[PDB]
């Protein structure tokens, strides 16, 4: 919500441009370190030029402190239902004999089911022998054969992506506003770097990092939510455990293709001469998803999901001190037009001093066009960066002070004409 | 195991009203002749269901044996405009007929025998839905489905199509759907009984039993090899017969064996018997089991 | 067979709307498919362990048996399970597809 | 699928000025005929992008359809006197023109139609940068780029080349520089718009948006075997029409199907419609998209 | 290597191809109601001028 | 784990050596020479599916969580003091030079 707080000046060693047809253009190519703001504070960059009003800002807003989980191994799973097909045949009839049902293979295509066709789904064939003679339908006393063709098929319309985590990485959500106004929403973690159209960003220095999640397995449910399960990650699929049928995508689970992995002897068969009752002991993950669901408090930490984006987030009581870097890979910034004038006013000043929270300043800006109002003191120690619009709009940010009785005369401007603005207020001592 | 594919019990006829040009080599269907409506059923890689079930009766043999009725009209002409009773079901059925063919028979919703015919001298397309122009033509019909039946009189008019979670399939209207109806041409099983409509299926549970009817046994002679001998001239248990014939336990258990006094060796048909199906937990005797590639609209939303 | 986990099983019989009565069972998070849909245990309350060193013997039509030893994973002589198969017909007819111990016959 | 690589929609004119002797075998372009300015586009291993997008319009077809203008002069005289209009753009282009060729066409900086021609009795070299004297030569040209066009009227003159880490690509002078510039022959895409310049890009994001257009469907007939049929005779919805045609849902949604009464079957073309590109953070409808091997000047240090 | 990116050809760069399905119908650009497919060709490059030997 | 930067300096990281390249870790994409990294050659070993994709029918996003080594190089760098040794860089050639205490007792 507030504006910038930590403002730095761009050096001339990483800025080079010219002017063609009354069009001052600049280019950024280098690396500039900047201090990260607090919860809600912003960190912008001042980009000057050959005049005074030709100035564009590069703001970076910090949402809050988060403790994301470092993912690694994952697998898709869901619900499945078998489909068994019985076909009893007497002995010495085609391929239904004693020298075939004993050495029958699962991937061996049966001749009796040869009219089924080729399918890319999980299927299996068996040959359960039965009693012969004239009491059940056989011209010989040899035991009859039972051709079984069972294929798995899905009954649900969604899948779950079960993943784990071995370390907790401190993640910071940053909403970066560029020079022209192209807003973006990214995030950083430990030493990660995001590639943006203007270059890249990376977390320079942090001061938060916990560990303790090897005995926890998370379940991802896109469109509904997440889930927490208190068990180690399933590496080997087996019958009777959460995660017996794994795949690689959601469509592979909804279609039950043969490209996934499964455990042998999973489908149970109960033949009754002519009947065939084959069922499976599949563990429904929706039950555990209904039981355990984020947010959940484990030991002394609060686990939850993310706001908008997909990902697990852990909340606690971290620090706030952090450093950031800015990499410019030769970006061009133009400024054809020019900014207009605008008057500023003082509304209120509520906050603190000598603390990371700062002081919340509230001002009133009255202008006629879209511009960028900026104020500065006399000794060159504090700066005010506030975007101006058309009409009368109030703008407040977070400032830093060291004395309780704040009373300083500032100089605000929007196009090259500076005007005084005496501000005052009483703050509280917050460490 | 036994090479008895062309041996057709019963009458063994393959001709329909309108395409009786192959009546010379189609009535009956012996080991010789070139019948266009029987060769494609023996090709490896086409219809293996008839290959595994050779000792049965096809749709045409069922019509000739007063089992399956004939539609009206029996031969739907593909020349008359403004449509004709034989398009709303043919257009929603993805088939594939080879070159040089005129008529094409298939099963309708009413359980009768349908067939499309092109006027001379036209032929069918790559799918058999429409007609087009082109050598000679195979005067006959091509099986569009993978069905079979047998001789029975089991009633089953109180059973309809179930298919849980399916909007509309083929030409029947199970329920009024309004959400996301997934449309995809897929194969669907079916087992039409007697005096019933096209009852679709989901899972197949077929059983085979040993039958004692004369239309389920063979009896060949050895001349100076093999020779087609009719089993109707065989004796009975305690009766009297004109000719003699021997066999094993399945043949001697129902007829009479004369040991060395016989002149023809008989045996059981490798792939016959009474084949029943399980419908709603009841083992009924079906009359038209097979697959057909039709439109499958499954409820997605 | 063996057993590495214990699930609180709940035997439940089903009485539908028409009158069809079946007999199934549930446990933990298992789900059974019925003609009217499916059923699953939403919440449980038990679950013990401690059976990795116990091998069970199944005898259909006669009964079960408990043996205080781990599951036999390597077919070897002098131990319960020196000659194994895959099905009942492979044992009643001595099928060569089953696994046996290397050199278990003493020749003199 | 859909083998319609030679069936060019629209007029189908693949001949450039200066070498208009192939009018009999290149105007129009059908399944028959031997055109040197169209066969090399169908060779496996040369221009696979045209093989993937073979259901659109080429650069020459776009010129003949009053979409892409021509340069002045359109035919670069290879035997001029100390330079010619089309030399710097040709030296920086690394291609491999086959033997027995004379003309070589490509896209210039202004987006017009570029081409060079050698008078008899000359021919091109291994790279097409020079010529020599010589069996029978070709009667066409050779495409030096891997581009395609389509029918569009959208304006895009407010967009220029914005490449990252590139100082001078091809012949366009982007940004200034005087340090260490790496010189190498790499592949670079290009998408010329309408009333604009040759804009270069770094990544390609093309999407297909099918609709209802007469140039996106193929209608064939059957005679005494498939045969090419003119789609212009297809009747409209409540409009005019002579012959009858039918097809699937996309072909029947804009025309009128008469079931089996129609005498022509049509379907949708494989890869056709409105292919848009992602540029400047917005989707646009370009008029030329392709790749060319040119010189890339990057700032090494 | 998919044919859609056949214009890329041979290359000694750590590249990969994916196929993310999307919705079909007339809302995206297709004549069939079946879900469409998406071909992805992602390759990695180096935006730096030096490397590190760990 | 040490990081060598010829022409700029060295770096020290308090972690064991990574044998298997895991995603989201310092050193997920390895190679053989400097040209294999500056040009991204296919012969280098990298972690499986480390690239995140976000398709949007027509749009297509793809972000990566690659750990920037220059950040750690800026954080930890020689000279450093650990336990009781003075870890420093080279003074002429190349190589990590650790400094401690002691006289000289060697023969050549």
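Think of it as A, B, C, D, E and F in the order they're written, each chain with its own count starting at 1.
Here is the rule we use: a contact is a pair of C-beta atoms (placed from the backbone, for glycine too) under 8 Å apart; a residue touches a chain by one contact, two chains touch by 3 or more.
**Q** Which chain has its Cα centroid closest to the overall Cα centroid?
**A** That would be E.
**Q** So which has more C-beta pairs touching, D-E or A-C?
**A** Output for the comparison: A-C.
**Q** Between subunit A and subunit D, what is the gap in Å from one C-alpha centre to the other?
**A** 42
**Q** At what distance in angstrom does the C-alpha mean of subunit D lie from that of subunit B?
**A** Each chain's C-alpha centroid was found; their separation is 55 Å.
**Q** Between subunit D and subunit F, tell me the centre distance in angstrom, where each centre is the average of that chain's C-alpha atoms.
**A** Roughly 48 Å, centre to centre.
**Q** When the C-alpha atoms of subunit A and subunit B are each averaged to a single point, how far apart are the two points in Å?
**A** Each chain reduced to its C-alpha mean, subunit A and subunit B end up 58 Å apart.
**Q** Name the residues of subunit A that each touch 2 or more other chains.
**A** In subunit A, residues 195, 329 touch at least two other chains, as defined above.
**Q** Taking each residue of subunit D in turn, which ones touch at least two of the other chains?
**A** In subunit D, residues 165, 207 touch at least two other chains, as defined above.
**Q** Contact residues on subunit F for subunit E in the complex?
**A** Going by the criterion above, the answer is residues 1-8, 11, 26-27, 29, 34, 37-44, 46, 51, 53, 55, 57-58, 60, 62, 69-70, 73.
**Q** Mind listing the subunit B positions that touch subunit E in their complex?
**A** Touch residues, subunit B against subunit E: 182-184.
**Q** How about subunit F: which of its residues touch subunit D in the complex?
**A** By the definition above, subunit F touches subunit D via 58-60.
**Q** Help me check something: in the complex, which residues belonging to subunit A touch subunit B?
**A** Residue list for subunit A touching subunit B: 83-90, 92-94, 111-112, 114-115, 117, 134, 136-140, 157, 274, 276.
**Q** Inside the complex, what are the residues of subunit A that reach subunit F?
**A** 70-72, 169, 189-195, 202-205, 325
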